[PDB]
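Down below is the structure, laid out as structure tokens.
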Amino acid sequence: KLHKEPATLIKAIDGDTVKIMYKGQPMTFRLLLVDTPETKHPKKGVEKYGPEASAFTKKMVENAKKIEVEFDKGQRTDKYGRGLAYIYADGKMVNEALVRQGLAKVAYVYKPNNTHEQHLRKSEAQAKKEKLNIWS
């Protein structure tokens, strides 16, 4: 059973990555199950909708009263040291919000870290049907 834990925003870095204070330790977190266009793309740079995905995550985490992180059932950090997780801004899942707004695609999934996969795929189909941003 996944549960949420409190955390404190330090800084937003990209649409898909935020620095957070977790159990008193600053850490970089990668949002589970989504791929946003990047501004810090290692290869191409600042892709289309990159700045947009980026300001959205920023605003969202920044204006929140309460940030919480929720780990999935698999590994909790990636090979770069980044925490892997679902992030909640006042009860709303940032990863889902991005996909519903057409500012992220559901990422290639790695079990057993796939607990909200279906949900998100559902939000992606809707942003697609509404042809938003990425899907326009």
Side-chain angles (χ1 to χ4, degrees):
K1 23 217 214 182
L2 319 186
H3 38 256
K4 307 145 162 120
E5 301 154 56
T8 300
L9 177 64
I10 294 173
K11 169 178 207 228
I13 283 136
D14 227 358
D16 71 6
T17 303
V18 316
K19 235 152 201 109
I20 286 198
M21 195 74 66
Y22 174 75
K23 290 159 88 141
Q25 174 55 0
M27 229 171 99
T28 307
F29 267 79
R30 168 83 169 69
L31 300 185
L32 260 176
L33 288 197
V34 316
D35 307 306
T36 64
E38 275 176 54
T39 61
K40 277 115 108 25
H41 191 300
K43 254 133 202 23
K44 222 70 173 192
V46 174
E47 323 148 66
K48 170 98 248 272
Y49 289 109
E52 285 71 12
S54 202
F56 188 101
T57 301
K58 181 179 211 282
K59 280 145 146 190
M60 192 155 175
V61 288
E62 234 151 59
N63 297 301
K65 305 209 283 178
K66 266 192 228 100
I67 300 293
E68 297 159 304
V69 304
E70 155 180 275
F71 287 105
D72 207 326
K73 315 162 212 264
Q75 322 86 279
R76 309 204 190 324
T77 72
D78 63 18
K79 65 198 171 89
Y80 291 93
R82 299 193 291 175
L84 295 176
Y86 307 103
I87 299 285
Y88 295 82
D90 297 317
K92 301 151 245 181
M93 201 205 299
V94 174
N95 329 25
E96 186 261 325
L98 283 168
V99 165
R100 180 59 178 96
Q101 291 294 324
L103 297 171
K105 262 147 164 96
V106 181
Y108 186 79
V109 163
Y110 292 118
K111 275 152 116 159
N113 275 342
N114 69 337
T115 298
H116 309 312
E117 182 194 6
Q118 238 322 133
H119 185 45
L120 290 176
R121 254 162 222 301
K122 279 170 187 178
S123 285
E124 193 193 52
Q126 195 70 43
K128 294 185 278 144
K129 126 96 160 129
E130 307 177 357
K131 301 212 228 183
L132 296 158
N133 294 309
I134 267 16
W135 305 121
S136 75

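Computation of the quantities below employed the complete heavy-atom set of this structure, encompassing side-chain atoms and omitting hydrogens, waters and symmetry-equivalent molecules. Numbering starts at 1 and runs along the sequence shown.
Qualifying side-chain hydrogen bond (donor to acceptor under 3.5 Å, both in side chains) partners for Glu62, counting only residues two or more places apart in sequence or in other chains: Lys58. In terms of the side chain to side chain contact (heavy atoms under 4.5 Å, CB included) criterion, residue partners of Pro26 (sequence neighbours excluded) are, by chain and number, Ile10, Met21. Scanning for side chain to side chain contact (heavy atoms under 4.5 Å, CB included) contacts around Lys73 gives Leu2, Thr115, with sequence neighbours left out. Here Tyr22 pairs with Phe71 under the ring pair (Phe, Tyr, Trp, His ring centres under 6.0 Å) rule; sequence neighbours left out. Residues satisfying the side-chain hydrogen bond (donor to acceptor under 3.5 Å, both in side chains) test with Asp78, not counting sequence neighbours, are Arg82. When the side chain to side chain contact (heavy atoms under 4.5 Å, CB included) test is applied to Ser54, the partners found at least two apart in sequence or on another chain are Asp14, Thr39. Under the rule for a ring pair (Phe, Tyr, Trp, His ring centres under 6.0 Å), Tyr80 has no partner lying at least two apart in sequence or in another chain.
The salt bridge (charged side-chain N to carboxylate O under 4.0 Å, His left out) contacts involving residues 98-110 comprise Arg100-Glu130, where partners must be two or more places apart or lie in separate chains. For the salt bridge (charged side-chain N to carboxylate O under 4.0 Å, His left out) condition, the pairs that include at least one residue of residues 110-124, sequence neighbours left out, are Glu117-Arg121. For the salt bridge (charged side-chain N to carboxylate O under 4.0 Å, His left out) condition, the pairs that include at least one residue of residues 23-38, sequence neighbours left out, are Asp16-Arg30, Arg30-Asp35.
If you take CG on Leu98 and CG on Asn133, they are separated by 10.5 Å, rounding to the nearest 0.5 Å. Between the CG atom in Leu32 and the CZ atom in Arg76 there is a gap of 10.5 Å [rounded to 0.5 Å]. Atom CD of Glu68 sits about 8.5 Å away from atom OH of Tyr88, to the nearest 0.5 Å. Atom CZ of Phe29 is separated from atom OG1 of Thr77 by 9.5 Å, given to the nearest 0.5 angstrom. Of the inter-residue distances, the one linking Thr8 atom OG1 with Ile67 atom CD1 reads 9.0 Å to the nearest 0.5 angstrom. A distance of 7.0 Å separates CG of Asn114 from CG of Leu33, quoted to the nearest 0.5 Å.
For the pair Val46 and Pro51, the minimum side-chain heavy-atom distance is below 4.5 Å. No side-chain heavy atom of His116 sits under 4.5 Å from any side-chain heavy atom of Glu96. With a 4.5 Å cut-off on side-chain heavy atoms, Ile20 and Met27 do not count as touching.
Of all heavy-atom pairs spanning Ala64 and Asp90, the tightest one is CA-OD2, 3.2 Å. Here the closest heavy-atom approach between residue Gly102 and residue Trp135 is recorded as CA-CD1, 4.0 Å. Listed here is the closest heavy atom pair of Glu47 and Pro37: OE2-C, 3.7 Å. Minimum heavy-atom separation, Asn113 to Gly74: OD1-N, 2.6 Å.
Side-chain atoms of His41 come within 3.5 Å of backbone N or O of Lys44 as a donor-acceptor pair. Of the possible donor and acceptor atoms, none in the side chain of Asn95 sits under 3.5 Å from a partner among the backbone N and O of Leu31.
The closest side-chain donor-acceptor pair between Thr28 and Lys19 falls under 3.5 angstrom.
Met93 and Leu132 are members of different hydrophobic clusters when ILVMFWY side chains are connected at heavy-atom separations under 4.5 Å.
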| Going through the distances and angles, do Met60 and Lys92 end up as a side chain to side chain contact (heavy atoms under 4.5 Å, CB included)? | CA-CA 9 Å; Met60 192 155 175; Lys92 301 151 245 181; 3.8 Å; yes

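Hydrophobic cluster of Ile13: no remaining members, since no ILVMFWY side chain lies below 4.5 Å from it. Taking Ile, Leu, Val, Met, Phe, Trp and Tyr as hydrophobic and joining them when side-chain heavy atoms fall under 4.5 Å apart, one finds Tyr110 in a cluster with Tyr108.
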